[PDB]
Structures are given as structure tokens and as C-alpha cells.
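A short write-up of the structure that comes next.
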Amino acid sequence: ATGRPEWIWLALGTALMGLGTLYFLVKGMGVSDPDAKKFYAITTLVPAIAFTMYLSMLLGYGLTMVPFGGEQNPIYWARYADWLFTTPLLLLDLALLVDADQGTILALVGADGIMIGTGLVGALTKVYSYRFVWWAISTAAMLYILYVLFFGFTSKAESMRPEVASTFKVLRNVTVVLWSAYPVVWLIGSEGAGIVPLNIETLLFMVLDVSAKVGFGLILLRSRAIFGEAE
Ligand SMILES: CCCCCCCC/C=C/CCCCCCCC(=O)OC[C@H](O)CO
Ligand SMILES: CCCCCCCC/C=C\CCCCCCCC(=O)OC[C@H](O)CO
Ligand SMILES: CCCCCCCC/C=C\CCCCCCCC(=O)OC[C@H](O)CO
Ligand SMILES: CCCCCCCC/C=C\CCCCCCCC(=O)OC[C@H](O)CO
Ligand SMILES: CCCCCCCC/C=C\CCCCCCCC(=O)OC[C@H](O)CO
Ligand SMILES: *C/C=C(C)/C=C/C=C(C)/C=C/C1=C(C)CCCC1(C)C
């Protein structure tokens, strides 16, 4: 375990996702409003899944070796198992906040599945040049998601309760900045061109993951937007 220099960031990531899960679980105890219950359930599940997949990486289960470029390269495949389930949940929190129509939700979740699934194929591909073909397809799926969040969701939020509009705008901006960083880290890190070493890459994804999951949830669950309007 300690024989891998990145273990300290995996240990810190496990601890922070675990503590985040417990805080949201205790906070949501006794919430009775049905609309608020939905946001607490979605938002508490996100760090609980990431906790399990950080632990699997720390203990060494979620790592495999992929030959390319005449080397055996360590690839943490557990990240994609986490993101397959947690990235659609985070998009569902945003879509429920703006009362998105069912067709737009399906479009978003399906494009997200394509983004993560092609990321995994690129991560496990043994022909070096083809890894970047899958990266480009996955990045095109991400750009579709960001387009909808700006030119679909913003338009509808603006016609809703003012607290819904202001909380959506903030969460939208957090999401666009943080999600856009992931394809860059992958391209310069050990899965791509190999310029940044694996221990620094693991630090960068841990800062991004905690911010995009526990930071995002702290903003959302402190807002009055998740409660129905009631006397
Ligand atoms: C909100 C409060 C928390 C704030 C925390 C945010 C920091 C995020 C981490 C960033 C990158 C820093 C990576 C550390 C730099 C190591 C690079 C290096 O030193 O490599 C040298 C090499 O030996 C010769 O080139
Ligand atoms: C050190 C601590 C480690 C971290 C803990 C280990 C995580 C794995 C265990 C359990 C799943 C617990 C339940 C996860 C689902 C929570 C959903 C929820 O909060 O629902 C609220 C809603 O209001 C209800 O109707
Ligand atoms: C609303 C939807 C909520 C969805 C909640 C789902 C949470 C699932 C969490 C965790 C375990 C993931 C386990 C992944 C198992 C992969 C095992 C495997 O195939 O390993 C192959 C081989 O043995 C070695 O490489
Ligand atoms: C493996 C990747 C896929 C599984 C990962 C799990 C992610 C979340 C699940 C589903 C999105 C499907 C559409 C769900 C949108 C329904 C929300 C809605 O429109 O409202 C309906 C409600 O009945 C009004 O009262
Ligand atoms: C809209 C927000 C999301 C946008 C996300 C898409 C961004 C794509 C950016 C850049 C490609 C730059 C490629 C630079 C890679 C060259 C690396 C190389 O081979 O150089 C060797 C190294 O520099 C010797 O030390
Ligand atoms: C909880 C973790 C989050 C919000 C992770 C988000 C991950 C992405 C937006 C990843 C995107 C990628 C690409 C667009 C292309 C290359 C590979 C990926 C999967 C890193």
C-alpha cells in the first residue's frame, strides 16, 4: 500500500468522501419535505459511491496494468466505475432544480454515459494513437452537456422562483469550470501524453473530485431552493 507514492492522496480522498457522506446523512435526518428528501438522497449517494471507489484504489483492487508505448502503465480503472454512477446523479440534481422536461434529462444522462464509457475504452486501449481518438469523442460528448446546461437550463431557470434561479446559476458555473478540467488532466497525465507524473495527477483528481462532490453538495443543501414553497 505505502509502496505507491500516490497512496497519501488516495487516503485523504477516502477520508474526505467518508466524512462528507456522514455529514450529509446526519443533516438529512428528519427532513420531511418530499422535494427536499429527493435532493438529500441524490446528493448523499454521490460521496458514498466515491468513498467506496477511493477505498478500492487505496487497497489496490481498482488498479490494473495496461501496456502501451513499450511500458506497463498503471491505470486506475475504478475512477470510471465511480464516475459512471456519480456524474449522472449530479446532472439529475441540476435538472430537478430547474424542472427539466423528461426528453432533456434522457439526452443529458445518455450523453454522460457515452462520455464516461468512451473515456474508459480510451484508458484501456493498447494502441497509443487510438487512445486520443476516444478522448476526442468523449470530449465532444462533454461539450454537448455543457451546451445544454447553458442554452437549455439557464433559459428555464430564469422563469422560476428567484432562489431557484440564483442557486442554479452558481451550481452551473461551479460545474462548468470543474468538469472542464478533467479532460485536460487526463490528456497531460499518465493516461495520455505522460507529462505530469501519476502522483501529481492523483492529487489533482482528488482536489477536483472533493470540490465537485462535497463542495457542490454543501452549496446545494444549504439553499432554500430544495424546499417546496410553503406557508
Ligand atoms: C482550498 C484550500 C486548499 C488549497 C489547495 C489547492 C492546491 C491544488 C494542488 C495543486 C498543484 C500543486 C502540485 C505540487 C507541485 C509539484 C511539482 C514539482 O515540484 O515537480 C518538481 C520536479 O521535481 C522538477 O520539475
Ligand atoms: C467512515 C464512514 C464511511 C462512510 C459511510 C459508508 C458508506 C457506505 C454505507 C452505507 C449507505 C448508507 C445510505 C446511503 C444512502 C443515503 C440516502 C439518504 O440520505 O436519503 C435521505 C432521504 O431523505 C431518505 O428518504
Ligand atoms: C441511482 C443509481 C445508484 C447506483 C448505485 C451503484 C453503486 C455501486 C457501488 C460500488 C461497487 C462497484 C463494483 C464494481 C465491480 C467491478 C468488478 C469487476 O468486474 O472486476 C473484474 C476483475 O475481477 C478485476 O479487474
Ligand atoms: C449507467 C448509467 C445510467 C444509470 C445511472 C443512474 C443515474 C440516474 C437515473 C436516471 C435518468 C433517467 C430519467 C430520470 C428523470 C425523471 C425525473 C422526472 O422527470 O420527474 C419524474 C417524477 O415522476 C416527477 O414527479
Ligand atoms: C470548453 C472547456 C473544455 C475544453 C477542453 C478541451 C481543451 C483542449 C486543449 C488543448 C490541447 C493542447 C495539447 C498540448 C499537448 C502537447 C504535449 C506534447 O506532446 O509536448 C511534450 C511536452 O510538452 C514536452 O515537455
Ligand atoms: C465526481 C466526479 C466528476 C464530476 C467527474 C467528472 C469527469 C469528467 C467530466 C470526465 C471527462 C473526460 C473527458 C471529457 C475526456 C477524457 C476522459 C474523461 C473521462 C476524464
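Both ligands and their constituent atoms are indexed starting at 1 by order of listing. All heavy atoms count here, side chains included; hydrogens, waters and symmetry mates do not. Position 1 is the first residue of the sequence, and the numbers go up from there.
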Show the atoms of ligand 6 that are less than 4.0 angstrom away from any heavy atom in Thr139. 14 (C), 15 (C)
Just wondering, do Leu63 and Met57 contact through their side chains at under 4.5 Å, heavy atoms? no
Numbered in order shown, the ligand 4 atoms found under 4.0 Å of a heavy atom of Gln102 are 19 (O)
Run the contact test for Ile105 against ligand 4 with a 4.0 Å cut-off on heavy atoms, strictly below, and give the result. yes
Do any non-hydrogen protein atoms sit less than 4.0 Å from atom 15 (C) of ligand 5? no
Could you tell me whether atom 24 (C) of ligand 4 has at least one protein heavy atom nearer than 4.0 Å? no
Is the shortest distance from atom 9 (C) of ligand 4 to a protein heavy atom below 4.0 Å? no
Within the 4.0 Å heavy-atom shell around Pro88, which atoms of ligand 4 are there? 5 (C), 7 (C)
At under 4.0 Å between heavy atoms, what of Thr87 touches ligand 6? The answer is side chain
Within a 6.0 Å radius of atom CZ on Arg222, are there more than 12 heavy atoms belonging to other residues, nucleotides or ligands? no
Between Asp209 and ligand 6, find which residue part has any heavy-atom pair under 4.0 Å and reply side chain, backbone, both or neither. side chain
So, do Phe205 and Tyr182 sit near enough that their side-chain heavy atoms are less than 4.5 Å apart? yes
Any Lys/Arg nitrogen of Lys213 or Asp82 sitting under 4.0 Å from an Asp/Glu carboxylate oxygen of the other? yes
Can you check side-chain contact (heavy atoms from CB on, under 4.5 Å) on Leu220 and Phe39, steps first, answer last? CA-CA 8 Å; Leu220 177 66; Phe39 291 106; 4.2 Å; yes
Are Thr154 and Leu149 close enough that some pair of their side-chain heavy atoms sits under 4.5 Å apart? no
Shortest protein heavy-atom distance from atom 2 (C) of ligand 6, along with the residue and atom involved: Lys213 NZ, 2.4 Å
Using protein heavy atoms only, decide if any is under 4.0 Å from atom 2 (C) of ligand 5. yes
For atom 20 (O) of ligand 4, find the nearest protein heavy atom and state the residue, atom name and distance (0.1 Å precision). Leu96 CD2, 4.9 Å
Are the side chain of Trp186 and the backbone N or O of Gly192 linked by a donor-acceptor pair below 3.5 Å? no
min-distance protein heavy atom vs atom 13 (C) of ligand 5 -> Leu187 CD2, 4.4 Å
Any idea which of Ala141, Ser138, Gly119 brings a heavy atom closest to atom 12 (C) of ligand 6? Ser138
